[PDB]
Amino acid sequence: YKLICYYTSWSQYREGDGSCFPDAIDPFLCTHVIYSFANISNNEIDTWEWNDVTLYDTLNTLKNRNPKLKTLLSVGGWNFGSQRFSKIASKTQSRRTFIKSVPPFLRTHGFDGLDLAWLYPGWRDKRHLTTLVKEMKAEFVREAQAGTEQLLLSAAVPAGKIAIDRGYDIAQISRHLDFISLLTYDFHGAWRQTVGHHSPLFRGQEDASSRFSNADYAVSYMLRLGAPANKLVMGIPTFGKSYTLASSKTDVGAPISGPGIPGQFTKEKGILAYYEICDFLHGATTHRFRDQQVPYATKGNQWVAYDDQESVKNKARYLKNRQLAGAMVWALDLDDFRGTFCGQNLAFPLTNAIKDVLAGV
């Protein structure tokens, strides 16, 4: 199985214990570590944070301890305008300038591949994403001729049917990618005007939940569109999503006034790291969605959908049963990477839980 794990460069800036440098990463934890995100500047791949050349070195030096570990650099992300990516991909000359820039930058910095994280292509973009994947792969096949192991090429693909349909020609892009990480953890958000889970495995029955907004639908759809199971990696979050309640109701369809209050460390309304969630659960009421197979918790006027050891283990069992290529984790710096918050004295509890199941029958 693959265990694809994202590291985010902006985690460095979180205060105190929240602060995450790549030497926090267990070199034998994941099969692949993906550093997020690279810029595109002057129509070439480029660094984003001021100290990225040092952080890339600190990540890549993990390979002296686990020579089999693979690293990738993810280009794009949500602070990169989809429109910016569209302009580069849609023109022959800019596309080529970008593609030619990628192997030398990855080699200089010690990366084994590129992850494409265009978030996300519009309807007019779908044909250009296809060309970009094809031509990037062709360039990596050519660069391999000079004697180094061929660069890997992956992509991060949203799991909502509507975004898949708009932006992605899954049958074609899957031919050229080494793996696709399916982003099966964005199925609910404050835009809705109720509580709900963002990473359910299956639909809620009871009495209100749409049939596409779950991981099983998205996996099945990707496979039906032509993505081979041996290229499909299912995303599992280590973060949870928070809401502010509009009433005393906390169950299904409970109204919300907006995102939850920021976490002490992550400092973003609507999202909490798992280490923050472990702390939140002190004094909280916990519940599970029985059909969806994922938990939530509530204290005061705050309501949190999250994943725990049990839920990620159950997701890992699913993807094994479906003969998928493995799991992706978003993100290492959102798991309890210190191992001190969740009462287990265990670094990376959720990632380790996943790995424990992938290393079983």
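In case it trips you up, residue 1 is the first one in the sequence shown, and so on.
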*Tell me which of 156 to 164 and 248 to 256 has the higher mean C-alpha B-factor in the deposited entry.*
248 to 256
*Average Cα temperature factor in the PDB entry - higher stretch of 22 to 30, 329 to 337*: 22 to 30
*By the entry's C-alpha temperature factors, tell me which of 190, 129, 136, 183 sits highest.*
190
*asked:* Comparing recorded Cα B-factors across 194, 97, 238, 71, which one is largest?
replied: 194
_Among modelled residues of the same chain, the CA temperature factor third for residue 37_ = lowest
*Consider only the C-alpha atoms of the modelled residues in this chain, order them by B-factor as the entry records it, and name the third containing residue 274: lowest, middle or highest.*
lowest
*Going by what the PDB entry lists, where does residue 262 fall on CA B-factor within its chain: lowest, middle or highest third?*
middle
*asked:* Please place residue 280 in the lowest, middle or highest third of its chain according to the CA B-factor in the PDB entry.
replied: middle
*Comparing against every modelled residue in the chain, figure out the third that the C-alpha B-factor of residue 50 lands in (lowest, middle or highest).*
highest
